[PDB]
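Next come the chains, spelled out residue by residue.
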Amino acid sequence: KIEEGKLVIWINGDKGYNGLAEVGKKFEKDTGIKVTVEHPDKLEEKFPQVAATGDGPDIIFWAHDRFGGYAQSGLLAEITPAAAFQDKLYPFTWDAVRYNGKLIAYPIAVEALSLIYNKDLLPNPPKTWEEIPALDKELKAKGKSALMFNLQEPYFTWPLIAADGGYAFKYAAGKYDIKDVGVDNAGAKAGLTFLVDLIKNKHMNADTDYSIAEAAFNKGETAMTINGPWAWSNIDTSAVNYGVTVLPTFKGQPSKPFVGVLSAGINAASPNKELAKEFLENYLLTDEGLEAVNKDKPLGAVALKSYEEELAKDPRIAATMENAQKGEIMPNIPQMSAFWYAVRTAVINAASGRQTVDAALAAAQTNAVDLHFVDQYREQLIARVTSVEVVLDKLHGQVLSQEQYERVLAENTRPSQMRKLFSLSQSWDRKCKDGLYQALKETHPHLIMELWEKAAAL
Ligand SMILES: OC[C@H]1O[C@H](O[C@H]2[C@H](O)[C@@H](O)[C@@H](O)O[C@@H]2CO)[C@H](O)[C@@H](O)[C@@H]1O
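What you see is numbering from 1 along each chain in written sequence order, possibly unlike the entry, with residues lacking coordinates removed. Note that the side-chain values use all heavy atoms of the structure and ignore hydrogens as well as water.

## Concerning the packing of aromatic side chains
Next, step 1: Pairing of aromatic rings covers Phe, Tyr and the six-membered ring of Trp, with a centre-to-centre limit of 6.5 Å; geometry is then stacked below 30 degrees between planes, edge-to-face above 60, and tilted otherwise. Across all of its chains, the model carries 24 aromatic pairs by this definition.
Next, step 2: Geometrically, the ring pair formed by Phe27 and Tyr283 is edge-to-face, given 5.0 Å between the ring centres and 85 degrees between the ring planes. Of the two residues, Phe27 is situated in helix α1 (residues 17-31) and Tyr283 in helix α11 (residues 273-284); the sequence distance between them amounts to 256 residues.
Next, step 3: Geometrically, the ring pair formed by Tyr155 and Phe156 is edge-to-face, given 5.5 Å between the ring centres and 90 degrees between the ring planes.
Next, step 4: Note on classification: 1.4 Å probe, protein chains only; a residue is buried when its accessible area is under 20% of the maximum for its type, exposed when over 50%, partly exposed between these limits. What makes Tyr155 buried here is its relative accessible area of 15%.
Next, step 5: The exposure class assigned to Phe156 is buried, which follows from its relative accessible area of 7%.
Next, step 6: Members of the aromatic cluster, each reached through a chain of ring pairs, are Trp158, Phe169, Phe258, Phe339 and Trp340.
Next, step 7: Over a ring means this: the NZ of a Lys or the CZ of an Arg is within 6 Å of the ring centre and within 35 degrees of the ring normal. When the ring centre of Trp230 is taken as origin, the NZ or CZ atom of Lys15, which lies over that ring, is 4.6 Å away.
Next, step 8: Here the basic side chain of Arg378 rests over the ring of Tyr341, its NZ or CZ set 3.6 Å away from the ring centre. Think of it this way: any DSSP run of H or I at least four residues long counts as a helix, any run of E at least two long counts as a strand, and we number them from the N terminus.

## Thoughts on the side chain of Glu281
Next, step 1: The topology assignment puts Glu281 in helix α11.
Next, step 2: Here the side chain of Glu281 touches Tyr106 through a polar contact of 2.4 Å, side chain to side chain.
Next, step 3: In protein, a polar contact means a hydrogen-donor-capable atom and an acceptor-capable atom, both N or O and within 3.5 Å, with residues adjacent in sequence counting only if both atoms are side-chain atoms; elsewhere, any N or O pair within 3.5 Å suffices. Among the polar contacts made by the side chain of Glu281, one reaches the side chain of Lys277 at a distance of 2.8 Å.
Next, step 4: Residues count as neighbours in contact if any of their non-hydrogen atoms are within 4.5 Å of one another. Those residues in contact with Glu281 that sit more than four places away from it in its chain are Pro81, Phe85, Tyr106 and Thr286.

## Details of the domain arrangement of the chain
Next, step 1: What counts as a domain boundary in this text is fixed by an automatic or database domain assignment. The assigned domain composition of the chain is domain 1 (1-112 + 257-331), domain 2 (113-256 + 332-371) and domain 3 (372-458).
Next, step 2: Computed over C-alpha atoms only, the centres of domain 1 and domain 3 are separated by 33 Å.
Next, step 3: Tallying the contact residues gives 9 residues for domain 1 and 8 residues for domain 3.
Next, step 4: When two parts are put together, the accessible area they lose, computed with a 1.4 Å probe and summed over both, is reported as buried area. Here domain 1 packs against domain 3, burying approximately 640 Å² in sum over the two surfaces, 45% of which is carbon and sulfur.
Next, step 5: Ranking the residues of domain 1 by area buried against domain 3 places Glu45, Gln49 and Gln72 at the top, with a combined share of 59%.
Next, step 6: A pairing counts as a salt bridge when a side-chain nitrogen of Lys or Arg comes within 4 Å of a carboxyl oxygen of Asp or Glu. On inspection of domain 1 and its partner domain 3, the count reaches 2 salt bridges.
Next, step 7: The tally of links between domain 1 and domain 3 comes to 2 residue pairs in polar contact.
Next, step 8: Here the side of domain 1 that touches domain 3 gets 4 residues from one element, more than from any other, and that element is helix α2 (residues 43-53).

## Observations concerning the pairing of strand β11 (residues 222-227)
Next, step 1: With 6 of its 6 residues buried, β11 lies for the most part within the structure.
Next, step 2: Note that strand β7 (residues 114-118) and β11 share 4 bridges and pair antiparallel. By the bridge assignment for β11, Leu115 is matched with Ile226. Whether two strands pair comes down to DSSP finding at least two bridges between them.

## Here's the deal with the pairing of strand β6 (residues 106-111)
Next, step 1: For β6, a buried count of 6 out of 6 residues is recorded, marking the element as mostly surrounded by other parts of the structure.
Next, step 2: Here β6 pairs with strand β14 (residues 301-302) via 2 bridges, running antiparallel. Paired with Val110 across the strands is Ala301, a residue of β14.

## Side note on the layout of surface pockets
Next, step 1: Computed from the structure, the second largest pocket encloses a volume of approximately 830 Å³.
Next, step 2: Here a cavity denotes a set of grid points, spaced 1 Å apart and computed over the protein atoms alone, in which a 1.4 Å probe fits but from which it cannot get out, and a pocket denotes an open set meeting protein on both sides within 12 Å along at least five of seven lines; residues with an atom within 4 Å of a point are reported as lining. Surrounding the second largest pocket, 35 residues form its lining, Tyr171, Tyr176, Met330, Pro331 and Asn332 being those nearest its centre.
Next, step 3: Elements with a minimum of two residues in the lining of the second largest pocket: α5 (91-96), β4 (98-99), α7 (154-163), β9 (167-172), β10 (175-182), β13 (258-266), α14 (315-326) and β15 (328-329).
Next, step 4: Looking at which element gives the most residues to the lining of the second largest pocket, the answer is β9, with 5 residues.
Next, step 5: Throughout this entry, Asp, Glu, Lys and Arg are counted as charged residues, while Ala, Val, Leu, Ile, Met, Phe, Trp, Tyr, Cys and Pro are counted as nonpolar. The remaining residues, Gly among them, count as polar. Considered class by class, the residues forming the lining of the second largest pocket number 21 nonpolar, 8 polar and 6 charged.
Next, step 6: There are two domains that each give the lining of the second largest pocket at least three residues, and those are domain 1 (1-112 + 257-331) and domain 2 (113-256 + 332-371). Grid points are joined across faces, edges and corners, and a volume is the space filled by probe spheres set on the points.

## Focus: the site of the ligand
Next, step 1: If even one non-hydrogen atom of a residue comes within 4 Å of a molecule or strand, that residue is called near it. Around the ligand lies a shell of 15 residues, among which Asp14, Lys15, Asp65, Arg66 and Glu153 are the nearest.
Next, step 2: Between an oxygen atom of the ligand and a main-chain N or O atom of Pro154, the distance comes to 3.4 Å.
Next, step 3: With the chains in place, 93% of the 470 Å² that the ligand exposes on its own is no longer accessible.
Next, step 4: Among the secondary structure elements, those contributing two or more residues to the shell around the ligand are β3 (59-63) and α7. The accessible surface values rely on the Shrake-Rupley method and a 1.4 Å probe; as for residues, cover is taken only from the protein chains in view.

## Let's talk about empty space enclosed by the protein
Next, step 1: Inspection of the entire model under this criterion finds 3 cavities of 30 Å³ or more.
Next, step 2: Considered as a void within the structure, the largest cavity measures approximately 50 Å³ in volume.
Next, step 3: Lining the largest cavity are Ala342, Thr345, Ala346, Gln355, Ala360, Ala363, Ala364, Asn367, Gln426 and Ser427.
Next, step 4: Per-element accounting of the lining of the largest cavity gives the leading share, 4 residues, to helix α16 (residues 357-370).
Next, step 5: Of the residues that constitute the lining of the largest cavity, the class distribution is 5 nonpolar, 5 polar and no charged.

In structure tokens form, the structure reads like this:
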């Protein structure tokens, strides 16, 4: 369980965890309470997996979009700031952490993607996405390339999908309509078609991930990348002469990045809730706390009015906000986790040529709207299904091909095997998903029964 009388903190590894650790050191200096900051892999999934059991960190950091799901699952303590403290942060940041009438986290900072460009390679950044292929051709002659960014996380491709009309869930009458999804409309298709064409014409490579794109930009090999405030620290170290600016337009319309509010929630199973509150309100969310984190990795536009004003002159922060204003705040509904995984699979499949754009998005759309049991509880099943071989043999023939069977089996741990199986099946139709559910239920009926029950408990 969770050790009492101390703080364990989880934050993503792309954030200023060293800076946060300093705030932890100051807290220890003034209170005697030791603070431990960790940045585990696959944090957005690890948390609900271990927290559902009743363990995990006292405090979890992520963008606000995942917190609605955490709250619905009972993993988060209710946050009760007094009025004077609440007034120290922007109202729209509190709005991002409000779920079903209550505050479920502390907002820290507002993030949005921008175009980052090498001024020595590219004195004026391109206005449009459409002119990048011509740009890449010029640069290739100098042994360079126009653009590299993470193509493994749909967050980075989202601004282009949304530009001409794609959207996640429709918002109307103060509610998100969970049945109105805009992943396979004409606009989403046009944007992703443009991305795929960049890859087909070798302006980009489908295998490019975060580390690969960062290395290429920071070594001066590519003229542009797409990234958030957290990335500026490494670019500074590399002393690249860079600018941060508005994303290119597509079909004459702005790219629309999703806006995230980095937020901190308190584990509902934590016996250290009061301590967590003190650390967050009186140590982190102060000019001195935020500055320490921000000097490690930039936070963007912080939620704290006083420090936001001090930093607002930074043209890079201005550029972040300009992009944010063209985009949309992410929904925090519990459906977000399944939505992101479906879209992630669609972008990866279309980029790798495993599916056409139309088929990739049509499948994502169907699965986000229909929310099958195996998609809703994918994360729990990955962590809790243990008889993988039994499931594979039930599916072999009917649902799984010989090759897919072999691919799943080849993974090293049970969760890696399960994760592969759900990835492969992600684009399958309802009937195949039903076959997958049936095999899981025959193999582990108590687990499946437990999942049905807890859904109803919450
Ligand atoms: O790609 C899907 C992913 O997008 C967002 O995650 C961002 C995150 O908000 C940023 O702070 C930064 O860490 O990069 C991530 C993308 O790799 C969503 O917040 C997240 O839930 C979602 O899975």
